[PDB]
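Visitor: Here is my input, please return the structure:
(one chain, ligands or ions: 4)
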Amino acid sequence: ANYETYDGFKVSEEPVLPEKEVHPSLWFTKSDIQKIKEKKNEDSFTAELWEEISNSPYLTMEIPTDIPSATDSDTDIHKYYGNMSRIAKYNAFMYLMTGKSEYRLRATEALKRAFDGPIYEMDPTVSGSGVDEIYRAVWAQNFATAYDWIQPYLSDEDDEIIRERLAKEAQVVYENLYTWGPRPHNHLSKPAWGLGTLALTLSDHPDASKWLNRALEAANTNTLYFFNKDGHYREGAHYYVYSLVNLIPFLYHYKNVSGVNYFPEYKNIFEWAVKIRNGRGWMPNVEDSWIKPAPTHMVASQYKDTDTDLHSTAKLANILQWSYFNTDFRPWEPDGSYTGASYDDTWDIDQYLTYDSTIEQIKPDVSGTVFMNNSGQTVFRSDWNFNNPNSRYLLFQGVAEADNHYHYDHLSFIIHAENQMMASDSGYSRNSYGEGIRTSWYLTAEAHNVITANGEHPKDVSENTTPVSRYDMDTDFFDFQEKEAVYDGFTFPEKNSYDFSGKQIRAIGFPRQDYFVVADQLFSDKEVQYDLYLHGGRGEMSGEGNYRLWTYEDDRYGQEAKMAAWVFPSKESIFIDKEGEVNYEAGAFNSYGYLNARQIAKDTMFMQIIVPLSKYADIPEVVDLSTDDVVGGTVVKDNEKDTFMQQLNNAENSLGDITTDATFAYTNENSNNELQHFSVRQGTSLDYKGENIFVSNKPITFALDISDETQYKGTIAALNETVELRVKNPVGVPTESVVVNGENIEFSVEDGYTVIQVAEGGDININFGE
Ligand SMILES: [Ca+2]
Ligand SMILES: [Ca+2]
Ligand SMILES: [Mg+2]
Ligand SMILES: [Mn+2]
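Guide: Numbers count the residues shown, from 1 in each chain. Ligands and ions are numbered 1, 2, ... in the order given. Below, you will see the structure:
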C-alpha cells in the first residue's frame, strides 16, 4: 500500500516550545482558574457537566495497592492504568476547583505510580495488548494534564520523581512509535498526539524537541493518507471520533503552550461531520464504523472568525455548535459515552474546558445537498431540520479505498427519511474487528447497495484516486450526480488479473427532493452476471416481482415508517429474496430480508425507484416501461406523474410521454398533466407528449423548472465547450433577460424559442414579459 499518493493534508513538523515551562498552561493558566470554577453556572449544560465531574467515583474510589503482574488478563491491565490515569486527572482538577487537601494528595500518589507495574515488560505489538498504543495515548495525556495542573503544589522531590516517570513513557513512545504503528492508521496518530502532549508538558526536558518533532511527523502520515483535504476520514466515523479523543486535546495543548494554532488547517475534518450528518445528526455506519455523533461543540470556540459554505452570513462556530446539540443522543443512554475509550477518557472534564456557552446555535441556511468530490462522498438532502420526518437524506459513497478498516461499498448509498434509517450499509460487524463474520459478511460487497460483475465489487481505477464524479446539479426540484467505478481495477487485498474488463456508471437523482432514482449503466467486454443488491436496513421485507417494501417499527434508531422500491428492467431480470445482518452499533445485530436483482448481459442498465413513506401513506403507482434499448418507467405519487428514462447511447428513443437522445431524462407533471420540471443527461432534444421542450447544437446536461410562466429557473451542469441551447417560451410570451451566474448573457428569440450560447454552467433564469 502506497501511503503518500492520497490527496490528504499535513502541518509543519518544526517543534516550537516556550522559553520556560508554565504550569498550568495545557488547557488554561493560573489567572483563568476562578473563571473555570464559575463556568458551572453559565447554563444547564455546564451544570450537568459539573454534576458529573464533581461526583466522579475517581474522587472517592480507593487507589488500588494491588499492582497487576505481566500474566494477569489484558482487560485488568488496561483498567489498572486507565483508572490510575483517571484518578490523577480527576483529582488534580477538583483540587484546582475546590482546594480540598485530599484531592492534591491522591493526584500526587497516582502520578508517583504513573506507569508502575508490568507495562514496560509487556509487548504492545501482541494482538489485544492491555498496554496497546491506542490506550497509553489517553493515559499519557491524562497523566501529563494531571501533572501540569498539580506541579506548582508538589515538593521539589515529588516533582523530580513524577517528571522522571512521564519522561520515561515519552522516551519509550518516541523509540517504539513506528514499531507499534508500522502502518499510519489511528494506532500511529493517537499515541503520536499523546507524545505531543508529553513533549509540551515537559517542554524544558532536553529531548522535548525530538519528541514533538516525531509526534508531528508521525501524525502527518495519518493526515496525508487516511484524511482527505476536504476533511473525510477513510477509517470511517467511529475511528475518526477515536482519533479526536487524542487530537482535539493536542490541538489546544500546542496552541495554549507554544502559540502554534493548527485549528485553521484541521478545520475541514469538523465541517465534514456536519456535511454528512443525517436528520438526527448521526454520521453514517460506513467502513468499520457504527452510527456516531460528531463532538463539534468541543472545537466550535476556535472557528468564530472562520467562514463556511454552510451559511450565507453566520460563522462556522455557530454551525458546529448547532450540529452537536441537534443530535439524538438516545443511542448512548444511559452511560453517555460515544468516544470508544470509556475505560480511559475524561470526556466530562474535556467538554467542561472546551464548551463555549456564548456561541449561538445557528442552523445551516444553504441547500442541504453537498458535493465533496475530492473524497468522493455526496449527500442529497432536502433540509437541515433536526428529527423532522419530512427530511430526505441520501449519502452517495464513492471514496478511494484505504488499507485499514475498509468495506467494499463503491457507488453504495444509504437513506435517512421519515425519522427512520432506511436503505442501509450493513455496518462494522456484530461486536468487534477480529470476528470471522466481519470478513465473511460485513465488509463484503454483497452486504452493501452495490452491483457486482461475476461477484467482483466496483473499485478504484488506480490506488488512492477518487472515483470520478460528473453532471453535479443542485436545484429546488431535482438534484443529480453520476459516479464511475471499474470492476478490473485496484482494491485490498491487491488482485492483479480479471477474466473480463467492465465499469459501472451509477447516477442518482432527487425528484421533488422527495424520493430517489438510482440509474446504473453497466459496460463489459464479455457476458457476465450483474448482481444488484438493495438492503432496506432493519425492516420487515415484503413484496413479489420487481417490487419490495421494508416496514420499520419504533426502534432505537427511528420511528414507524416504510421504504418502497421497484427495480427495472422487470422482464430481463430475476429477483431473489435473501437475508443478511444489519448492525448500527456494537451488539445490536439482527437478520433482515434484502433484494438481489440479477441479469446476465454484456452492456446493460438497472434502475431503482426508492420512495420513503410514513407508516400508512399510499404506495405510489409505478409502471415498468423498459424495452430493448431503453430502461425506465412512471411514478404516480401525490397526484403528480414522474417519468424516468435511461439508455447507453445518444440515440432518439421514447418511454411514456418522453422522447429524447439523452442518456438520462426526468420529467414531472402537476395534477393537470402539464410538464412542470425536467432534467436531461447529455441531450440535444426533449419532447413531452410530442411537443418539443428544448434542442441544442451539442449535448447538454441541465434541469429546468417551467411551472412559473414569468420565469424559467434551474441549473446547467459544468460545460467543456460552448453550446447553443434553445428553450421553448410559453406561447405568445417574449424573453426580457437571461441570467447565468448572476450575469446577463446575450439572447435572441426565434420561432418562440429563447436562443443562448452558454460557455460555462451554473444557475440559469430565463425572465419573460407578458
Ligand atoms: Ca469503501
Ligand atoms: Ca437541492
Ligand atoms: Mg498493538
Ligand atoms: Mn459496510
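Visitor: so what strands line up beside the helix or strand encompassing residue 520?
Guide: For residue 520, the element it lies in under DSSP states H and E is strand 516-524. According to DSSP bridges, strand 516-524 forms sheet pairs with strand 502-509 (antiparallel), strand 604-614 (antiparallel).
Visitor: quick one, which of those is nearest to residue 131?
Guide: Nearest to residue 131, of all the strands paired with strand 516-524, is strand 502-509, at 45.3 Å by Cβ to Cβ. For every residue, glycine as well, the C-beta is placed using N, CA and C.
Visitor: before we move on, back to that, quick one, which of the strands paired with strand 516-524 gets closest to ligand 3.
Guide: Taking Cβ to the ion, strand 502-509 is the member of these nearest to ligand 3, at 37.5 Å.
Visitor: In CSV, list the C-alpha atoms belonging to that closest one.
Guide: In CSV, the C-alpha atoms belonging to strand 502-509 read as follows (Å, rounded to 0.1, in the frame of the first residue of the first chain):
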residue,chain,number,x,y,z
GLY,A,502,-16.0,-3.6,-17.1
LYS,A,503,-17.3,-0.5,-15.3
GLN,A,504,-20.4,0.9,-13.5
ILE,A,505,-21.7,4.5,-14.1
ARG,A,506,-24.3,5.0,-11.3
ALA,A,507,-26.4,8.2,-11.5
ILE,A,508,-28.6,9.2,-8.5
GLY,A,509,-31.5,11.8,-8.9
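Visitor: what's in contact with it?
Guide: Contact with strand 502-509 is made by 378, 380, 394, 396, 410-411, 413, 451, 453, 458, 471, 478-488, 516-526, 528, 644, 646, 664, 666, 679, 681, as judged by Cβ atoms under 8 Å, 6 or more residues apart in numbering.
Visitor: ok, how many other residues are close to residue 374?
Guide: When neighbours are defined as other Cβ atoms under 10 Å, residue 374 has 16 of them.
Visitor: To clarify, my last question referred to residue 128.
Guide: When neighbours are defined as other Cβ under 10 Å, residue 128 has 11 of them.
Visitor: Next: the one 10 residues further on.
Guide: For residue 138, the tally of surrounding residues (other Cβ under 10 Å) stands at 26.
Visitor: where's whatever residue of the chain ends up closest to ligand 1, which helix or strand?
Guide: Nearest to ligand 1 in the chain, going by Cβ to the ion, is residue 409, at a distance of 4.3 Å. Using DSSP H and E, residue 409 falls within no helix or strand.
Visitor: OK, contacts around it?
Guide: Applying Cβ under 8 Å, 6+ apart, the residues near residue 409 are 286, 287, 397, 425, 445, 448, 450.
Visitor: and what of residue 647?
Guide: Applying Cβ under 8 Å, 6+ apart, the residues near residue 647 are 605, 629, 630, 631, 653, 663.
Visitor: Could you measure from it over to ligand 2?
Guide: Distance of residue 647 to ligand 2, computed by Cβ to the ion, to the nearest Å: 25 Å.
Visitor: next one: residue 611
Guide: Distance from residue 611 to ligand 2, counting by Cβ to the ion: 18 Å.
Visitor: where do the helices sit along the stretch 401-550 of the chain?
Guide: Secondary structure of the stretch 401-550 of the chain, counting by DSSP state H, counting those that start in this stretch: helices at 436-437.
Visitor: rewinding a little: strands - which of the contacts of residue 647 land there?
Guide: Counting by DSSP state E, the contacts of residue 647 place 605, 631, 653 in strands.
Visitor: and ligand 2, which of those residues contact it?
Guide: Residues of the ones in strands among the contacts of residue 647 in contact with ligand 2 (Cβ under 5 Å from the ion): none.
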